[PDB]
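Just the one chain here, the form deposited in one PDB entry, laid out as structure tokens.
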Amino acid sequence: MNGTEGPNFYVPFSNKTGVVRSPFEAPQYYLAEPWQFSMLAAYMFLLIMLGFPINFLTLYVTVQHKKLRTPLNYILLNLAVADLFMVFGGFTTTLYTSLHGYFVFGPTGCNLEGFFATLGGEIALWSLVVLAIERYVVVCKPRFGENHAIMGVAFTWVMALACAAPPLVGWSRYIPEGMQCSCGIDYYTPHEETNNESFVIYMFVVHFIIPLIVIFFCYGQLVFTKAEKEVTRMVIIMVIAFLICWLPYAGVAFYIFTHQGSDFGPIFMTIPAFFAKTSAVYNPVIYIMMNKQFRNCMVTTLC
């Protein structure tokens, strides 16, 4: 083992020189210089200051205009709400933690940070499953209305909770990653008390592989068989954007899980874990660029 395991942490830094301290107890300046922590904090402050207004405006515009009741409108409303939970529930702790160089709030802070990021990301992935099914139904006509869209929304919360909630209550756990200023699922230790290995397999199979199978089956039907075209084009970009956002994180996580205790440093997981937090802001940006009706309503409300 090239790192330092504690009761509730795994620091990717050897304690041969005795300098490692718990990320719930002291600033982690032995593994990165203070200016690097400041860069994480500046980045998180930007995400909060952009993420709050752009997601609140999306929610507000949608509620104000009764014309905006297609399945796409409902799903983007759901994403805006989930993004606001990410921003206020999790990113406020990421910011405070990055400012101080460690989880001042202790494991409770780590739980907040990990839970709301996992919940928000999985709401997005299962939302794409709903949109992929909706596009397949509408285009391939094997009708998907408001009732199905709302049932789709409720479905995304249930699936996301089934992924994000168990590590709060004893199946796996949230644990600091990288420079120790964000938390994720424990890919790092066997920790039999929380049955870590089975949760990670469950997460990658049920909450990553199975959704992508559905999405690409639906896409394969679309391909290998103006208003609707605009929606289909937007969903294509939402799926591409999702993979850009989360595949680096998913790949590094899976590497760690299959290479536990190997020689990797703090920057290895820091970059993908923080890049993935752009998930709280990018979907409304795509929405504005690629949906004429929503863009016009937004300009109408804002002006």
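Definition used throughout: the rigid core is the maximal C-alpha set that superposes within 1.5 Å between two forms. Start at 1 with the first residue shown and count on from there.
Below, we refer to the form deposited in another entry, which is not included among the displayed structures.
- After superposing the rigid core, the C-alpha of residue 100 moves by less than 2 Å between the shown form and the other one.
- With the core held fixed between the shown form and the other one, residue 236 has its Cα displaced by at least 2 Å.
- Put the two forms on the same core and the Cα of residue 288 is off by 2 Å or more between the shown form and the other one.
- Relative to the shown form, the Cα atoms of residue 80 and residue 288 move together by 3 Å or more in the other entry.
- Closer approach of the C-alpha atoms of residue 289 and residue 56, by 3 angstroms or more, is seen in the other entry than in the present form.
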